[PDB]
Every structure is written in C-alpha cells, then in structure tokens.
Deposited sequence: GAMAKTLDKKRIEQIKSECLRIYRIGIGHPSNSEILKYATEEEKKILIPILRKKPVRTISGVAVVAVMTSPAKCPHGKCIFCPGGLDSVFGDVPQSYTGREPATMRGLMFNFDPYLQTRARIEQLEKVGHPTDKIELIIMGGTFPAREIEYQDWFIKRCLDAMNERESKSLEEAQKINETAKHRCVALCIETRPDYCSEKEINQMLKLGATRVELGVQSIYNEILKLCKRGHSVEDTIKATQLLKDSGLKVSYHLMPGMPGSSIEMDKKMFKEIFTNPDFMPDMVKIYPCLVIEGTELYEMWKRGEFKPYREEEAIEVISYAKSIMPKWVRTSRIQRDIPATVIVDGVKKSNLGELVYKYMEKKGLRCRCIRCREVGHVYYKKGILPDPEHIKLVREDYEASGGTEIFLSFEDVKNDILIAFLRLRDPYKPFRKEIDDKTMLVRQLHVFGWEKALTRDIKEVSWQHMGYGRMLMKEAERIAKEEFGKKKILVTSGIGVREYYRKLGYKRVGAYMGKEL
C-alpha cells in the first residue's frame, strides 16, 4: 500500500553507498520514492543508529540541517534557517523520529532533540527485566527506560519501544508477561512498539552466547505464539510497526529467517480467534486493504479512553466507526506529571500527537484514492481537546508537539510558537 507520508530513514556516521552523507541519503530516498509515484510532500524523517543523542551537538545540528536542506532543495546558513524554510517547502518534514538507547535520554538530550524538531523518540528497551539486560550485557536498565519514558511524556513527545522477544534468559511465559506489564503498568505505557524476535548475527555478543551454548533463539512457532499474544492484548491506543526486519536471511546464523512473520501471526490469530484492536489493525487504510470496507458514517463517533502513564493522565481521543471498529483519526492529550521544560507549567495540557489518516493509493482494490483529511476530523479533535483541557482539568494553556512542516496547520487554528511548541492560551 502507498501512504501519503513518505518515510525517509537515514543513517548516521560510525547508507554505505553515500558515505553516510545526510543530504545525499535524504535526497536519494525522495527521488527513489518519486520514481515509483509515491507522494513526498509529507516526510517522516527517521534517524537510525541509536547513538545519535550521544554525538556532538555540532554533528547533530549539522546532520538534521542537511536532511532538511535536501527536502528544501536549497542550502541554508543554519539549522534554524533550514527548519524555517521547511515549514513551507515542497517536501515538508511532518515528523522526526530519533532512535536512542534508554540511558542516552537525559533532560539535556531531550532539550537537544526538541531543538532539532523531534516529535517521536524510539527507546532501545529490548527487555524490561534487568536479569536479561545484564545477561546480554546491554548498556541500560529498566529504571533507565522508566525514567526516559516519563521525561519524554512530560515533554510532549511520542514514545516508542523496540522490544525483542526470545532474548537469552527469557521464555515464552516471561515474554507474554512483559507485554502485559508494558500495557498495564503506568511505568511504561508506550505509544508505539516495534517487536521482532531476538536473532543471532555473527560478530555480536548474542553470537558469542550462541556459540557457547547459552542461547537458543526462538523459531517461527515460538515467535508467532508470543507476538500473537502481544497483539491480542494491545490496547486501542498502541500503534505497532509492520512486523519485519531489514536484515537479510544470509546474515542470520540462527533465529527466525522467513520474511512473512507478520502474515504468519495474522493467520495464527485467525485460527485461534484472537482479535487485534490496536491502531494499525483498525486504521481506515489498513481495514480497506485487508477487508475491503470503509467507515459507515451513520456510526462514526468521537470516542475517549483515559489511562494513567508516567505519573500523569493520558487522554486518547479518536473518531471511529464503532459498528465496524474502524479508526479515522486520533489525538493524544496528556496532563503532565513532572515536566521540566520552561514552557510547561502546572496549568498546561499537552497535545502529544494529532493524526488524521489521509490519502492512500490501495493498488489492490477498486476505489483507488481514499482520504479523511480536510473533512474536519482534525479540527474537531483539537476543539474537544481544548474543551477537556479547560473545562475538565482547569488548564489555561495547551501546547502542541508539532512537526516542523505541520506548524502552519496549527497556526490556522490560532496557535503560535511557544519555545519548541505551538501553543494557545485557553
């Protein structure tokens, strides 16, 4: 399926073909997507490596600047100028995701990520059990994950967890309990999870453990059982990544090698009667592609679900066909717990995300182009968020975490730049 948002994933320096040049990587991906008719007016930029927040600030600012230069199609004098230019460019950076180790997620680093324009942070959690983390000689603790998650949430950012079932020392039941805990213990409650079973790749510590007879990775059966469980209990407010990996099968010494693990999980869940209600399974574009149906307007409602997370309250607002369970748009509103950013006080509510599922060329059906943007759903969710913030929680200002290329949208709704955010006085 072709999405309206182009994902541009780039690699930082210690990809290979361009010597890790940020501009060349970004440009090459955009041109490659244009070659196949994919829209590139909206770009999600993903910074891969996991060590980016530990690099020199000089390097971080330059790297992001040059990615934006490629989107803007012109040179700039500074990061700030490239960001300003990009607000009205032909290729707008609507989201910026930074991958990082949980222990590289201090207040100082979060300040830097906000300066860069980040909207999402993916934590290399892997496991929530310190026994497993220490056994595999990982460089972080679950305490690091818990603290990073709270600091990110209280700064308005989206939080994703990379999780690895089947690590040394774990078990099917241990993995299942981990997923239950991540969605029902307020220390965690991520917005998004990226799941793939632990693999044995030559040259890693996991390879050494495997060589010694300390590690037998999951085969397909076990991975399917764990991931199927995880999806069956995922809350409606959790977004999941397409189950896959960019690692070719010839480098996998041991572990799951087949390329359709996601499809195998789907068929397993069908066989067992396991339903999935998370964002990816219910979003309008995915439902049309998988099941050939569209939202029934007689049954579209504004729905609300609250949960406790990182000491505060998350409000998940959505427009949904509640007869067919099809998700059209959603907004993540947070009453923060212990913020540190200068622009967030105890009378502030945070809009951490607004997403209206938009254009999408489903090549395999007959209704070619389908979209729910420009129909009012985004504006209606914002109005409801403002009402809740003011009337129910007594807040006086609301701050939106906005992609660089989305600021203009919030300006139309009366918001103005407040530090790193778009803000409105209630």
Relative to the deposited sequence numbered from 1, which residue ranges are unmodelled?
1-57, 72-106
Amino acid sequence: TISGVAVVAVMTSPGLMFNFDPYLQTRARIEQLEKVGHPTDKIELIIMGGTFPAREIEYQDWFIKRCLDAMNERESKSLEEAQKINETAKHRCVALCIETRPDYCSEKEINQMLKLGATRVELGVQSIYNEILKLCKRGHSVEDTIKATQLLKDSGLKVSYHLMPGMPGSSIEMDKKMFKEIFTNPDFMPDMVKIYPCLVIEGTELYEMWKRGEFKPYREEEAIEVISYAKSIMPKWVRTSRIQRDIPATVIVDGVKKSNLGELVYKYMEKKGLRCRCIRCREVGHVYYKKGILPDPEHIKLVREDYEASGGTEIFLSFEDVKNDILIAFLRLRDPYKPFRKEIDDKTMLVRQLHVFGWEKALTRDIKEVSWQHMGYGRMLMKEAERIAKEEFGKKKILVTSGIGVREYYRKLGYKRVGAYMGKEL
From here on, numbers count along this sequence of modelled residues.
Taking the mean of the C-alpha B-factors per stretch from the entry, tell me the winner out of 233-241 and 312-320.
233-241
If you take the mean CA temperature factor per stretch, which one wins between 110-118 and 211-219?
211-219
In this crystal structure's PDB entry, the residue among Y288, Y104, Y307, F188 with the greatest CA B factor is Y104
Residue set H374, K65, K395, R379, per-entry CA B-factor max assigned to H374
Would you please rank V8 by its C-alpha temperature factor against the other modelled residues of its chain and give the third it falls in: lowest, middle or highest?
lowest
For the chain shown, is the CA B-factor of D61 in the lowest, middle or highest third of its modelled residues?
middle
Assigned third (lowest, middle, highest) for the C-alpha B factor of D144
middle
What third of its chain, lowest, middle or highest, does the C-alpha temperature factor of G124 fall into?
middle
C-alpha B factor of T364, ranked within the chain: lowest, middle or highest third?
highest
